[PDB]
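**Q** Got a structure for you, written out below as structure tokens; questions coming shortly.
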Amino acid sequence: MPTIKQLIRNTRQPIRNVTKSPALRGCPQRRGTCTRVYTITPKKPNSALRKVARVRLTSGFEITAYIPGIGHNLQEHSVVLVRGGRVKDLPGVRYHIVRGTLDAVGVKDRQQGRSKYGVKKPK
Amino acid sequence: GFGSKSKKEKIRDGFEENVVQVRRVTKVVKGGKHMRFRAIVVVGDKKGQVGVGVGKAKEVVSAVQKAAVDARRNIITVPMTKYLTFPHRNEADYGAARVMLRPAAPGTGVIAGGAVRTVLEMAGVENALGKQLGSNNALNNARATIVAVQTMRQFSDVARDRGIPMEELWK
Amino acid sequence: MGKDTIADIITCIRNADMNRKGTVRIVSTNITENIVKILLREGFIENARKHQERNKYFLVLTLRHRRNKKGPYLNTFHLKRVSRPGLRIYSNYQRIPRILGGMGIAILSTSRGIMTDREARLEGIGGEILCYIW
Amino acid sequence: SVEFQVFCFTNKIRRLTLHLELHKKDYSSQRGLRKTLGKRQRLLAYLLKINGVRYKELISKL
RNA sequence: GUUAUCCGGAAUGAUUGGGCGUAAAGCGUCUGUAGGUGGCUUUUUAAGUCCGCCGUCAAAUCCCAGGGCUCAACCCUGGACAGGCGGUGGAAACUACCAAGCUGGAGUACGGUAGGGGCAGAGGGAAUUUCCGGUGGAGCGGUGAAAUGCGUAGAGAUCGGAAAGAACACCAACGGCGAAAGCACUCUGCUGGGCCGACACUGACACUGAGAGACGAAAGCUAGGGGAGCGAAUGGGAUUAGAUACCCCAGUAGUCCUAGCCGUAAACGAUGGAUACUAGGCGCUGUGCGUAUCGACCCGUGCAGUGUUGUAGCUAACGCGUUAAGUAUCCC
């Protein structure tokens with residue numbers, strides 16, 4: 001790439017920081033409607049039953065979001081609040097569900113790091 | 001075989017030692033898969049006197065001190081004219097690790113990557129800033145700084161080499 | 001006789017002493033004559049001699065050395081071009097660089113003649129930076 | 001001598017062309033004809049770059 | 001604290017600051033338009049460039065220094081480097097310009113010189129197959145071993161007679177030429193290109209090349225010939241559990257030629273082109289000078305090209321190394 005004419009045509013441009021969440025497309029976290037609350041398995045090295053809610057969003061997408069924590073109240077057609085963040089083990093799950101927010105209760109009996117799970121103080 | 005190596009260790013006030021990485025490097029044999037320890041030790045007093053050294057042995061501490069005995073026969077002196085900083089900027093690659101060194105104001109502690117910062121904080125320089133361009137390696141990095149501070153000249157020996165009598169210098 | 005008459009001399013310098021040979025033969029144009037005139041007097045080289053071969057006046061230039069070493073010259077010469085043909089560079093009397101604090105010089109084309117940083121910093125003039133050596 | 005180069009290349013293209021058109025498949029001398037056309041063409045842009053009237057005479061001669 | 005958005009880190013789009021032998025990456029090679037860069041000397045204008053002065057780039061923000069709120073945040077007063085554009089006065093080294101010379105770059109003229117460079121026309125002989133004769137009589141051919149096949153309608157073998165197409169043994173060399181693909185039986189014709197010398201001439205006419213144009217192994221296709229060998233597909237036999245395959249026997253398109261189309265290949269040196277510079281040894285090819293003889297040698301050399309080990313330097317390493325993957329410049 002000489003300074004003359006292969007480069008005052010253009011070098012090229014890198015695209016963007018590609019969006020790591022194609023939904024949520026305004027901004028960070030977005031209200032959701034539960035459609036399925038099924039349970040899938042990770043890839044080969046792990047072994048678990050991870051419990052994800054496939055959730056329709058208010059944006060216009062439908063997307064399978066993970067449910068953190070131990071206990072979960074989430075039945076059919078409830079309302080959640082999804083956020084970004086890639087669960088590695090599950091192919092397709094791109095998102096999380098916030099706990100302690102609207103119609104998704106905090107986890108049962110947790111006393112270490114409660115702000116990630118929406119549990120008020122005991123004691 | 002006199003014992004306990006008290007006089008023979010030479011208590012190392014003169015050269016202070018640190019590792020900069022101890023990677024376990026392993027070879028496989030017919031019987032299996034056995035490892036030795038490669039440690040990289042940078043020795044040097046804070047007077048301006050440092051040098052790297054690799055070593056590998058099946059023990060950790062014999063690899064460290066073995067790399068030290070390899071290191072304390074490999075010393076350059078640092079051309080560091082002013083108030084513990086550098087004469088001029090420099091860059092010198094070794095292998096595929098390029099190192100840009102740049103002198104600093106005296107109100108600046110040494111800021112560099114871990115291998116470069118290790119061989120400069122052992123070099124007793126206080127005021128430098130060296131970016132590393134290239135490898136993630138630690139050995140060729142540090143040895144590239146050593147080559148990057150051999151080839152560095154003061155003003156007195158450049159004034160001696162050119163023959164110009166003296167000016168153009170604040171101090 | 002290629003595209004550049006200044007990478008001519010300069011690349012003959014680098015290629016001269018990187019093979020440790022202390023002798024250069026180059027053409028003697030006006031700007032080469034001026035560069036070796038402002039370069040012998042700055043302690044980098046030893047002597048420049050004009051002569052002729054087929055009535056074509058050339059410069060043979062003797063480089064510096066020291067004594068019998070691993071390499072008989074210690075300080076590697078490190079010549080470098082800046083204002084390439086096709087990318088001209090130009091500086092005021094502000095931008096004009098003190099190379100390594102002053103251990104190098106930046107030979108450059110003033111309206112006076114071609115100077116160094118000493119002889120263009122005191123003038124206050126600026127111009128096209130040919131090349132800086134260090 | 002320039003007009004002997006242009007005129008000499010013109011007779012070169014005449015004799016090589018009346019070779020090639022009655023022959024029609026030599027793909028080696030095609031390069032010779034095209035190097036002669038390009039070489040002559042850079043000469044004509046050269047003498048046109050120098051002069052007006054004199055290059056007008058070079059056009060009017062052939 | 002998590003998330004989202006942006007910059008950094010990221011030299012991970014590179015002017016500062018990357019690469020293209022093998023890691024991602026050099027077009028298949030070549031001609032050349034636009035365009036880009038460009039030899040030396042002398043002179044002229046100053047468009048670029050530089051210097052002075054002047055105008056302006058609102059205020060707020062940022063920077064410096066003061067001052068005010070108990071400090072800070074914030075507020076306020078004054079100041080300015082950059083840097084942009086314009087006006088004006090100066091400088092002329094570099095780019096450009098104007099003019100005039102110059103030759104080493106490049107060509108041409110001339111004399112040689114080497115060549116499987118290309119195309120066309122003639123001519124050649126081995127060998128193979130088939131046919132036609134004479135002989136003779138049971139196998140020939142093939143394989144890891146067999147078999148299918150052919151053979152008493154006389155095979156194969158041997159001698160002679162024709163015809164046919166295709167390719168051109170030894171020479172053949174780590175060799176010559178072409179831009180690449182390619183090019184070797186010989187001869188002729190037309191014609192390209194290279195290399196070397198003398199100043200014989202012109203005087204920078206140069207390099208690269210977007211888009212473009214040409215050529216471009218083999219297989220493929222249209223049209224017409226031709227068809228011995230070989231031989232996809234196919235068919236039979238074998239091996240095999242099976243065999244659409246390797247083996248064998250037949251064998252069609254194709255192979256060759258005319259006129260086209262197609263435009264791809266590991267089109268490979270896995271290396272775009274050009275110029276300048278940087279150890280040597282051992283070679284080969286072409287010419288040139290001197291020695292030696294007076295003539296073939298033979299030695300050194302001046303160049304150009306081709307090869308092999310190899311210093312420096314580069315490289316992640318392997319390696320490359322005057323034909324660089326070295327040092328630099330230009331262009332895609």
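Chain identifiers are assigned as A, B, and so on, following the order in which chains appear in the structure tokens; residues are numbered from 1 within each chain, and ligands are numbered from 1 in order of appearance.
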Name the residues in contact with residue 137 in chain B at a cut-off of 9 Å, using only C-alpha atoms (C1' of nucleotides), excluding same-chain residues fewer than 5 positions from it; report them as a ChimeraX atom specification.

**A** /B:96-97,115,142

**Q** When the cut-off is 10 Å and we count only C-alpha atoms (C1' of nucleotides), which residues of chain E are near chain A, given as a list in words?

**A**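 The complete set of qualifying residues is residues 1, 2, 3, 4, 5, 6, 12, 13, 14, 15, 19, 35, 36, 37, 330, 331 and 332 of chain E.
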
**Q** Please return as a PDB file with N, CA and C atoms, in the first residue's frame: the residues of range 35-161 of chain B that backbone DSSP assigns to strand (DSSP E or B).

**A**
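Heads up, here's the output in out35.pdb:
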ATOM      1  N   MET B  35       8.704 -33.604  32.554  1.00  0.00           N
ATOM      2  CA  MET B  35       8.848 -32.167  32.455  1.00  0.00           C
ATOM      3  C   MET B  35      10.077 -31.697  33.201  1.00  0.00           C
ATOM      4  N   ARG B  36      10.609 -30.581  32.736  1.00  0.00           N
ATOM      5  CA  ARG B  36      11.661 -29.846  33.397  1.00  0.00           C
ATOM      6  C   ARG B  36      11.166 -28.420  33.541  1.00  0.00           C
ATOM      7  N   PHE B  37      11.861 -27.631  34.341  1.00  0.00           N
ATOM      8  CA  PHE B  37      11.455 -26.261  34.596  1.00  0.00           C
ATOM      9  C   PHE B  37      12.419 -25.316  33.909  1.00  0.00           C
ATOM     10  N   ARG B  38      11.885 -24.483  33.023  1.00  0.00           N
ATOM     11  CA  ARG B  38      12.626 -23.390  32.413  1.00  0.00           C
ATOM     12  C   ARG B  38      12.271 -22.121  33.154  1.00  0.00           C
ATOM     13  N   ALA B  39      13.245 -21.556  33.847  1.00  0.00           N
ATOM     14  CA  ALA B  39      13.076 -20.293  34.530  1.00  0.00           C
ATOM     15  C   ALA B  39      13.952 -19.257  33.868  1.00  0.00           C
ATOM     16  N   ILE B  40      13.456 -18.031  33.836  1.00  0.00           N
ATOM     17  CA  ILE B  40      14.199 -16.913  33.283  1.00  0.00           C
ATOM     18  C   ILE B  40      14.495 -15.955  34.410  1.00  0.00           C
ATOM     19  N   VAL B  41      15.769 -15.773  34.704  1.00  0.00           N
ATOM     20  CA  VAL B  41      16.200 -14.970  35.834  1.00  0.00           C
ATOM     21  C   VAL B  41      16.903 -13.749  35.283  1.00  0.00           C
ATOM     22  N   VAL B  42      16.518 -12.576  35.766  1.00  0.00           N
ATOM     23  CA  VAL B  42      17.186 -11.339  35.408  1.00  0.00           C
ATOM     24  C   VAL B  42      17.964 -10.864  36.614  1.00  0.00           C
ATOM     25  N   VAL B  43      19.275 -10.826  36.485  1.00  0.00           N
ATOM     26  CA  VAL B  43      20.115 -10.413  37.577  1.00  0.00           C
ATOM     27  C   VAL B  43      20.591  -9.001  37.305  1.00  0.00           C
ATOM     28  N   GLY B  44      21.023  -8.337  38.364  1.00  0.00           N
ATOM     29  CA  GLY B  44      21.465  -6.973  38.223  1.00  0.00           C
ATOM     30  C   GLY B  44      21.415  -6.193  39.512  1.00  0.00           C
ATOM     31  N   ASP B  45      22.432  -5.378  39.729  1.00  0.00           N
ATOM     32  CA  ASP B  45      22.377  -4.395  40.787  1.00  0.00           C
ATOM     33  C   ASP B  45      21.625  -3.179  40.273  1.00  0.00           C
ATOM     34  N   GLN B  49      23.421  -2.348  36.019  1.00  0.00           N
ATOM     35  CA  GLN B  49      24.168  -3.563  35.719  1.00  0.00           C
ATOM     36  C   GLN B  49      23.197  -4.743  35.748  1.00  0.00           C
ATOM     37  N   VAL B  50      22.753  -5.208  34.571  1.00  0.00           N
ATOM     38  CA  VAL B  50      21.766  -6.285  34.463  1.00  0.00           C
ATOM     39  C   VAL B  50      22.106  -7.254  33.349  1.00  0.00           C
ATOM     40  N   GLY B  51      21.375  -8.364  33.350  1.00  0.00           N
ATOM     41  CA  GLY B  51      21.453  -9.355  32.301  1.00  0.00           C
ATOM     42  C   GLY B  51      20.515 -10.521  32.530  1.00  0.00           C
ATOM     43  N   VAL B  54      18.466 -17.881  30.922  1.00  0.00           N
ATOM     44  CA  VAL B  54      17.520 -18.975  30.996  1.00  0.00           C
ATOM     45  C   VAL B  54      18.165 -20.149  31.702  1.00  0.00           C
ATOM     46  N   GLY B  55      17.327 -21.047  32.188  1.00  0.00           N
ATOM     47  CA  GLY B  55      17.823 -22.312  32.683  1.00  0.00           C
ATOM     48  C   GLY B  55      16.686 -23.297  32.728  1.00  0.00           C
ATOM     49  N   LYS B  56      17.041 -24.572  32.735  1.00  0.00           N
ATOM     50  CA  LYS B  56      16.026 -25.595  32.901  1.00  0.00           C
ATOM     51  C   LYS B  56      16.622 -26.784  33.627  1.00  0.00           C
ATOM     52  N   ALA B  57      15.889 -27.270  34.620  1.00  0.00           N
ATOM     53  CA  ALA B  57      16.292 -28.449  35.366  1.00  0.00           C
ATOM     54  C   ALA B  57      15.047 -29.038  35.993  1.00  0.00           C
ATOM     55  N   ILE B  76      25.663  -6.457  30.758  1.00  0.00           N
ATOM     56  CA  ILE B  76      26.056  -5.181  30.211  1.00  0.00           C
ATOM     57  C   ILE B  76      25.841  -4.123  31.273  1.00  0.00           C
ATOM     58  N   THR B  77      26.474  -2.980  31.060  1.00  0.00           N
ATOM     59  CA  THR B  77      26.221  -1.794  31.856  1.00  0.00           C
ATOM     60  C   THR B  77      25.319  -0.848  31.081  1.00  0.00           C
ATOM     61  N   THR B  85      17.863   8.185  34.152  1.00  0.00           N
ATOM     62  CA  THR B  85      17.021   8.034  32.973  1.00  0.00           C
ATOM     63  C   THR B  85      17.915   7.782  31.770  1.00  0.00           C
ATOM     64  N   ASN B  90      15.218   4.810  21.749  1.00  0.00           N
ATOM     65  CA  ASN B  90      15.871   3.701  21.087  1.00  0.00           C
ATOM     66  C   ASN B  90      14.819   2.678  20.717  1.00  0.00           C
ATOM     67  N   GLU B  91      15.103   1.911  19.676  1.00  0.00           N
ATOM     68  CA  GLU B  91      14.286   0.754  19.368  1.00  0.00           C
ATOM     69  C   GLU B  91      15.171  -0.318  18.770  1.00  0.00           C
ATOM     70  N   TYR B  94      14.710  -8.165  18.574  1.00  0.00           N
ATOM     71  CA  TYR B  94      15.469  -9.399  18.644  1.00  0.00           C
ATOM     72  C   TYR B  94      14.497 -10.519  18.356  1.00  0.00           C
ATOM     73  N   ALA B  97      10.495  -9.764  18.656  1.00  0.00           N
ATOM     74  CA  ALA B  97      10.038  -8.886  19.716  1.00  0.00           C
ATOM     75  C   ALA B  97      10.725  -7.557  19.514  1.00  0.00           C
ATOM     76  N   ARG B  98       9.944  -6.536  19.241  1.00  0.00           N
ATOM     77  CA  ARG B  98      10.449  -5.196  19.054  1.00  0.00           C
ATOM     78  C   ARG B  98      10.168  -4.420  20.325  1.00  0.00           C
ATOM     79  N   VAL B  99      11.098  -3.570  20.735  1.00  0.00           N
ATOM     80  CA  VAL B  99      10.959  -2.827  21.979  1.00  0.00           C
ATOM     81  C   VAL B  99      11.316  -1.378  21.725  1.00  0.00           C
ATOM     82  N   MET B 100      10.364  -0.479  21.936  1.00  0.00           N
ATOM     83  CA  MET B 100      10.636   0.947  21.899  1.00  0.00           C
ATOM     84  C   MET B 100      10.872   1.449  23.309  1.00  0.00           C
ATOM     85  N   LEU B 101      12.072   1.947  23.561  1.00  0.00           N
ATOM     86  CA  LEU B 101      12.395   2.627  24.801  1.00  0.00           C
ATOM     87  C   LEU B 101      12.444   4.124  24.562  1.00  0.00           C
ATOM     88  N   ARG B 102      12.029   4.882  25.571  1.00  0.00           N
ATOM     89  CA  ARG B 102      11.907   6.308  25.457  1.00  0.00           C
ATOM     90  C   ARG B 102      12.272   6.914  26.805  1.00  0.00           C
ATOM     91  N   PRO B 103      13.162   7.904  26.852  1.00  0.00           N
ATOM     92  CA  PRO B 103      13.499   8.528  28.130  1.00  0.00           C
ATOM     93  C   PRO B 103      12.348   9.353  28.660  1.00  0.00           C
ATOM     94  N   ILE B 111       7.518   2.656  33.373  1.00  0.00           N
ATOM     95  CA  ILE B 111       6.290   2.086  32.854  1.00  0.00           C
ATOM     96  C   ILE B 111       6.605   1.301  31.586  1.00  0.00           C
ATOM     97  N   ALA B 112       6.462  -0.014  31.674  1.00  0.00           N
ATOM     98  CA  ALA B 112       6.719  -0.905  30.560  1.00  0.00           C
ATOM     99  C   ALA B 112       5.997  -2.208  30.833  1.00  0.00           C
ATOM    100  N   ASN B 127      13.348   6.396  35.375  1.00  0.00           N
ATOM    101  CA  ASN B 127      12.535   7.307  34.596  1.00  0.00           C
ATOM    102  C   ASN B 127      12.635   6.877  33.150  1.00  0.00           C
ATOM    103  N   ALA B 128      11.822   5.913  32.764  1.00  0.00           N
ATOM    104  CA  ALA B 128      11.779   5.513  31.376  1.00  0.00           C
ATOM    105  C   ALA B 128      10.349   5.171  31.040  1.00  0.00           C
ATOM    106  N   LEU B 129      10.098   4.999  29.757  1.00  0.00           N
ATOM    107  CA  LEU B 129       8.828   4.445  29.328  1.00  0.00           C
ATOM    108  C   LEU B 129       9.093   3.665  28.059  1.00  0.00           C
ATOM    109  N   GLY B 130       8.830   2.364  28.119  1.00  0.00           N
ATOM    110  CA  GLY B 130       9.095   1.502  26.996  1.00  0.00           C
ATOM    111  C   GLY B 130       7.913   0.668  26.574  1.00  0.00           C
ATOM    112  N   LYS B 131       7.367   0.988  25.416  1.00  0.00           N
ATOM    113  CA  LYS B 131       6.329   0.181  24.814  1.00  0.00           C
ATOM    114  C   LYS B 131       6.986  -1.026  24.176  1.00  0.00           C
ATOM    115  N   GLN B 132       6.263  -2.124  24.125  1.00  0.00           N
ATOM    116  CA  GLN B 132       6.709  -3.321  23.438  1.00  0.00           C
ATOM    117  C   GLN B 132       5.846  -3.557  22.212  1.00  0.00           C
ATOM    118  N   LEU B 133       6.470  -3.644  21.056  1.00  0.00           N
ATOM    119  CA  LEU B 133       5.765  -3.838  19.801  1.00  0.00           C
ATOM    120  C   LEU B 133       6.117  -5.210  19.260  1.00  0.00           C
ATOM    121  N   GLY B 134       5.142  -6.104  19.232  1.00  0.00           N
ATOM    122  CA  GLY B 134       5.399  -7.437  18.738  1.00  0.00           C
ATOM    123  C   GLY B 134       4.921  -8.544  19.647  1.00  0.00           C
TER     124      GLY B 134
END

**Q** Write out as a ChimeraX atom specification each polymer residue whose atoms come within 12 Å of residue 115 in chain C, counting only C-alpha atoms (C1' of nucleotides); drop sequence neighbours fewer than 6 positions from it.

**A** /C:31,34-39,41-42,96,105-109,121-132 /E:93

**Q** Residues of range 1-166 of chain B classed as helix (DSSP H, G or I) by DSSP on the backbone are to be reported as an mmCIF file with N, CA and C atoms, in the first residue's frame.

**A**
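Writing the result to part22.cif gives the following:
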data_model
loop_
_atom_site.group_PDB
_atom_site.id
_atom_site.type_symbol
_atom_site.label_atom_id
_atom_site.label_comp_id
_atom_site.auth_asym_id
_atom_site.auth_seq_id
_atom_site.Cartn_x
_atom_site.Cartn_y
_atom_site.Cartn_z
ATOM 1 N N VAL B 60 12.969 -26.878 40.701
ATOM 2 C CA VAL B 60 12.661 -25.476 40.452
ATOM 3 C C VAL B 60 13.829 -24.585 40.852
ATOM 4 N N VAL B 61 14.400 -24.817 42.031
ATOM 5 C CA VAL B 61 15.352 -23.874 42.590
ATOM 6 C C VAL B 61 16.703 -24.028 41.912
ATOM 7 N N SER B 62 17.039 -25.243 41.484
ATOM 8 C CA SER B 62 18.261 -25.432 40.720
ATOM 9 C C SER B 62 18.140 -24.837 39.332
ATOM 10 N N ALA B 63 16.923 -24.755 38.803
ATOM 11 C CA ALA B 63 16.740 -24.099 37.520
ATOM 12 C C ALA B 63 16.847 -22.594 37.666
ATOM 13 N N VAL B 64 16.329 -22.054 38.768
ATOM 14 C CA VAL B 64 16.433 -20.621 39.007
ATOM 15 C C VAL B 64 17.885 -20.219 39.208
ATOM 16 N N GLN B 65 18.587 -20.888 40.131
ATOM 17 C CA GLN B 65 19.971 -20.507 40.396
ATOM 18 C C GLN B 65 20.892 -20.904 39.254
ATOM 19 N N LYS B 66 20.539 -21.943 38.498
ATOM 20 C CA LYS B 66 21.323 -22.313 37.330
ATOM 21 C C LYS B 66 21.196 -21.254 36.246
ATOM 22 N N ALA B 67 19.981 -20.738 36.065
ATOM 23 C CA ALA B 67 19.773 -19.586 35.204
ATOM 24 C C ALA B 67 20.456 -18.344 35.743
ATOM 25 N N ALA B 68 20.649 -18.264 37.057
ATOM 26 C CA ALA B 68 21.335 -17.112 37.620
ATOM 27 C C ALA B 68 22.821 -17.167 37.327
ATOM 28 N N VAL B 69 23.419 -18.354 37.427
ATOM 29 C CA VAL B 69 24.836 -18.496 37.118
ATOM 30 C C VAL B 69 25.069 -18.314 35.626
ATOM 31 N N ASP B 70 24.103 -18.715 34.800
ATOM 32 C CA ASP B 70 24.148 -18.328 33.393
ATOM 33 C C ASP B 70 23.959 -16.826 33.231
ATOM 34 N N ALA B 71 23.226 -16.196 34.136
ATOM 35 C CA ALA B 71 22.938 -14.782 33.968
ATOM 36 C C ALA B 71 24.083 -13.907 34.459
ATOM 37 N N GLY B 114 5.901 -6.347 31.507
ATOM 38 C CA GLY B 114 6.479 -7.064 32.641
ATOM 39 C C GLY B 114 7.921 -7.516 32.481
ATOM 40 N N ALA B 115 8.304 -7.964 31.286
ATOM 41 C CA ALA B 115 9.700 -8.338 31.091
ATOM 42 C C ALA B 115 10.594 -7.114 30.969
ATOM 43 N N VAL B 116 10.159 -6.115 30.203
ATOM 44 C CA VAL B 116 10.944 -4.898 30.033
ATOM 45 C C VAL B 116 11.049 -4.156 31.350
ATOM 46 N N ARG B 117 9.932 -4.048 32.053
ATOM 47 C CA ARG B 117 9.905 -3.416 33.357
ATOM 48 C C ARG B 117 10.733 -4.189 34.356
ATOM 49 N N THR B 118 10.794 -5.508 34.214
ATOM 50 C CA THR B 118 11.632 -6.281 35.113
ATOM 51 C C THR B 118 13.105 -6.015 34.855
ATOM 52 N N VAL B 119 13.533 -5.969 33.593
ATOM 53 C CA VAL B 119 14.951 -5.686 33.387
ATOM 54 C C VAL B 119 15.299 -4.222 33.539
ATOM 55 N N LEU B 120 14.327 -3.329 33.663
ATOM 56 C CA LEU B 120 14.690 -1.950 33.939
ATOM 57 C C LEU B 120 14.623 -1.615 35.410
ATOM 58 N N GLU B 121 13.648 -2.166 36.125
ATOM 59 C CA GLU B 121 13.623 -1.995 37.563
ATOM 60 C C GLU B 121 14.772 -2.719 38.235
ATOM 61 N N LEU B 139 11.155 -13.906 26.991
ATOM 62 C CA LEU B 139 12.598 -14.014 26.893
ATOM 63 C C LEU B 139 13.133 -13.111 25.800
ATOM 64 N N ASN B 140 12.624 -13.267 24.576
ATOM 65 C CA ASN B 140 13.064 -12.433 23.463
ATOM 66 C C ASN B 140 12.714 -10.979 23.670
ATOM 67 N N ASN B 141 11.678 -10.724 24.453
ATOM 68 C CA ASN B 141 11.341 -9.379 24.865
ATOM 69 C C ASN B 141 12.469 -8.755 25.670
ATOM 70 N N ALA B 142 12.813 -9.386 26.791
ATOM 71 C CA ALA B 142 13.802 -8.832 27.705
ATOM 72 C C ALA B 142 15.173 -8.769 27.063
ATOM 73 N N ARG B 143 15.539 -9.814 26.336
ATOM 74 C CA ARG B 143 16.798 -9.818 25.615
ATOM 75 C C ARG B 143 16.790 -8.785 24.500
ATOM 76 N N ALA B 144 15.609 -8.448 23.986
ATOM 77 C CA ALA B 144 15.533 -7.380 23.007
ATOM 78 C C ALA B 144 15.732 -6.024 23.643
ATOM 79 N N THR B 145 15.356 -5.860 24.910
ATOM 80 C CA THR B 145 15.693 -4.602 25.570
ATOM 81 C C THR B 145 17.177 -4.516 25.850
ATOM 82 N N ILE B 146 17.783 -5.639 26.240
ATOM 83 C CA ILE B 146 19.220 -5.681 26.487
ATOM 84 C C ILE B 146 19.987 -5.281 25.243
ATOM 85 N N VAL B 147 19.580 -5.800 24.083
ATOM 86 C CA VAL B 147 20.165 -5.310 22.839
ATOM 87 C C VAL B 147 19.737 -3.863 22.587
ATOM 88 N N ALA B 148 18.579 -3.461 23.097
ATOM 89 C CA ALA B 148 18.107 -2.097 22.912
ATOM 90 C C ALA B 148 18.721 -1.106 23.881
ATOM 91 N N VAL B 149 19.647 -1.530 24.724
ATOM 92 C CA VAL B 149 20.271 -0.596 25.640
ATOM 93 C C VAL B 149 21.772 -0.864 25.634
ATOM 94 N N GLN B 150 22.223 -1.846 24.856
ATOM 95 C CA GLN B 150 23.642 -1.855 24.523
ATOM 96 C C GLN B 150 23.976 -0.723 23.575
ATOM 97 N N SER B 156 28.740 12.348 25.903
ATOM 98 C CA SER B 156 30.174 12.542 26.013
ATOM 99 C C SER B 156 30.924 11.695 25.000
ATOM 100 N N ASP B 157 30.454 10.482 24.737
ATOM 101 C CA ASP B 157 31.133 9.647 23.760
ATOM 102 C C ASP B 157 30.711 9.945 22.328
ATOM 103 N N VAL B 158 29.551 10.558 22.122
ATOM 104 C CA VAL B 158 29.212 11.033 20.788
ATOM 105 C C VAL B 158 29.949 12.327 20.493
ATOM 106 N N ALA B 159 30.092 13.179 21.507
ATOM 107 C CA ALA B 159 30.956 14.345 21.391
ATOM 108 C C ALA B 159 32.407 13.944 21.179
ATOM 109 N N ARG B 160 32.818 12.820 21.758
ATOM 110 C CA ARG B 160 34.160 12.307 21.530
ATOM 111 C C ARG B 160 34.294 11.693 20.143
ATOM 112 N N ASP B 161 33.234 11.067 19.639
ATOM 113 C CA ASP B 161 33.318 10.376 18.359
ATOM 114 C C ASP B 161 33.272 11.358 17.200
ATOM 115 N N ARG B 162 32.313 12.280 17.224
ATOM 116 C CA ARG B 162 32.179 13.252 16.151
ATOM 117 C C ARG B 162 33.361 14.200 16.113
#

**Q** How many Å lie between CA of residue 114 in chain C and CA of residue 171 in chain B, rounded to one decimal?

**A** 28.6 Å

**Q** Enumerate as an MDAnalysis selection string the residues belonging to chain E that approach chain D to within 9 Å, with only C-alpha atoms (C1' of nucleotides) taken into account.

**A** chainID E and resid 30:32 107:109 117:120 190:193 201:202 205 214:215

**Q** Quick one, how far is CA of residue 17 in chain C from CA of residue 5 in chain C?

**A** 18.9 Å

**Q** For residue 299 in chain E, find every residue with an atom within 12 Å (counting only C-alpha atoms (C1' of nucleotides)), except residues of its own chain fewer than 4 positions away, and show them as a VMD selection string.

**A** chain E and resid 290 to 292

**Q** Keeping only N, CA, C and O atoms (P, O5', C5', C4', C3', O3' and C1' of nucleotides), take the residues you just selected and write them out as a PDB file, in the first residue's frame.

**A**
ATOM      1  P     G E 290      43.595  -7.441 -28.988  1.00  0.00           P
ATOM      2  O5'   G E 290      44.666  -7.793 -27.864  1.00  0.00           O
ATOM      3  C5'   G E 290      45.429  -6.770 -27.243  1.00  0.00           C
ATOM      4  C4'   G E 290      46.026  -7.242 -25.945  1.00  0.00           C
ATOM      5  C3'   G E 290      46.921  -8.467 -26.028  1.00  0.00           C
ATOM      6  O3'   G E 290      48.243  -8.188 -26.451  1.00  0.00           O
ATOM      7  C1'   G E 290      45.377  -8.770 -24.293  1.00  0.00           C
ATOM      8  P     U E 291      49.032  -9.271 -27.338  1.00  0.00           P
ATOM      9  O5'   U E 291      49.352 -10.456 -26.323  1.00  0.00           O
ATOM     10  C5'   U E 291      50.244 -10.269 -25.236  1.00  0.00           C
ATOM     11  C4'   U E 291      50.392 -11.529 -24.423  1.00  0.00           C
ATOM     12  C3'   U E 291      50.987 -12.725 -25.146  1.00  0.00           C
ATOM     13  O3'   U E 291      52.401 -12.671 -25.189  1.00  0.00           O
ATOM     14  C1'   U E 291      49.116 -13.400 -23.837  1.00  0.00           C
ATOM     15  P     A E 292      53.194 -13.038 -26.536  1.00  0.00           P
ATOM     16  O5'   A E 292      52.978 -14.605 -26.708  1.00  0.00           O
ATOM     17  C5'   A E 292      53.460 -15.544 -25.760  1.00  0.00           C
ATOM     18  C4'   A E 292      52.788 -16.873 -25.971  1.00  0.00           C
ATOM     19  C3'   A E 292      52.819 -17.384 -27.403  1.00  0.00           C
ATOM     20  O3'   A E 292      54.021 -18.054 -27.738  1.00  0.00           O
ATOM     21  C1'   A E 292      50.604 -17.446 -26.621  1.00  0.00           C
TER      22        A E 292
END

**Q** Calculate how many Å separate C1' of residue 155 in chain E from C1' of residue 140 in chain E, rounding to one decimal.

**A** 6.4 Å

**Q** What are the residues of chain E lining chain C at 10 Å or less? Count only C-alpha atoms (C1' of nucleotides), and put the answer as number ranges by chain.

**A** E: 15, 36-41, 49-51, 91-95, 104-105, 206-207, 274-279, 311-313, 326-330

**Q** Measuring atom to atom with only C-alpha atoms (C1' of nucleotides), identify which of E:252, E:103, E:148, E:315 is nearest to chain B.

**A**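 Checking each candidate against chain B, we get E:315 as the closest.
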